[PDB]
């Protein structure tokens, strides 16, 4: 699927090993501290697609699929998929090729997209760099395919970042020499064949900043689908230019201020407002970025605060910001694990309740976004516009005039007081009736064009014209 196709999507990102087991058990042990395979499979995903689609997600992103190093290293097993050794074999822990094809088929039967995580930068090896036996890598079974062994010491030295090997010296990540035509050709052929083999609709590309930029346009082209790159850096002046060589990047610039704004009742709305505006104006296309506040490489949101209202506001922002929402499996069950490995909790241990607080919030937010998009072909290309902020509030507007969603977010938390915010600049006509879709209530725009937004319990408010909602099952 093209970048234009992907703009409307909403992604549930999951770890294959940790989302669902073939036997569907909700009690199977998964102690994250052990850092061992817990048994999640591709077949498990298929069996739980109703759970994912009931939240209004239109796509999944799954961790890498290639065969991994076999060892339990000092840092655990390769359950996460980022330590590949044989790119022409699948990771048997997750199932067979027929299972992976069955997963893409099942998603397509539901009108959903499959996004697969891929690594081009490195292989993986249990041991120090000097102990690597290059003959275990397929097809790159020789030192000649790799950069000389060095480590990345200074992330301001872009040559080091690209040419040196990742990690400390415990589990080596041999760095492929992606400047060699033999490596480009192999990777390009591989990725095109992967996408075709398995009818993949888009790719998430790992470790993008660690490969020189001239590699990525050909890789994205060979893939034939939308590619969103992991460029792990909060500085938009560094990260957003990667959109000149790839369709999209993960919105790490927004990540850091977004977390700070909502992780406590003293978070800075100013910093989030400012970063929204910087990304919107300076990044090549904010509507092709992926918005997130939770993933497998940072502490989960609830590790910072268990306040359910703060979690609802950040989840609402992720769904209604420019670009593609990305929710990390477990976020909807208020998982609270800290840094790796603690943030790789097994989703099945929640019991997959479809009535949890954040399941419902996410279902409502995706519902209105999916509905609004189906009625407004300009929603996804209308750049989100922050229209108001104060010490505890940020309000934003997105969508064509007459059909815009106006979202009011708050960091007052669950004990927030009850008051009315007179919101100016929402662009609705006087007397427009609006539905607040999270709580299924109504507000009418005042004669002065201001919206009287009831605020209470620090809850997010998502407004959309009642006429436009018409006879949808949202708030029926």
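Positions refer to the first chain, counted from 1.
In this entry, 171 to 179 has the higher mean Cα B-factor, the comparison being between 314 to 322 and 171 to 179. For the pair 182 to 190 and 153 to 161, the mean Cα B-factor is higher in 153 to 161. Listed residues 301, 388, 88, 79 were ranked by CA B-factor as deposited; 88 comes out on top. Between the residues 407, 420, 63, 66, the entry's highest C-alpha temperature factor is the one at 420. Among the modelled residues of the chain, residue 22 sits in the highest third by CA temperature factor in this PDB entry.
Ranked by C-alpha B-factor against the other modelled residues of its chain, residue 234 falls in the lowest third. Ranked by Cα temperature factor within the chain, residue 460 sits in the lowest third according to the deposited record. Compared with the other modelled residues of the chain, the Cα B-factor recorded for residue 125 ranks in the middle third. Among the modelled residues of its chain, residue 380 has a C-alpha B-factor that falls in the lowest third, as given in the PDB entry.
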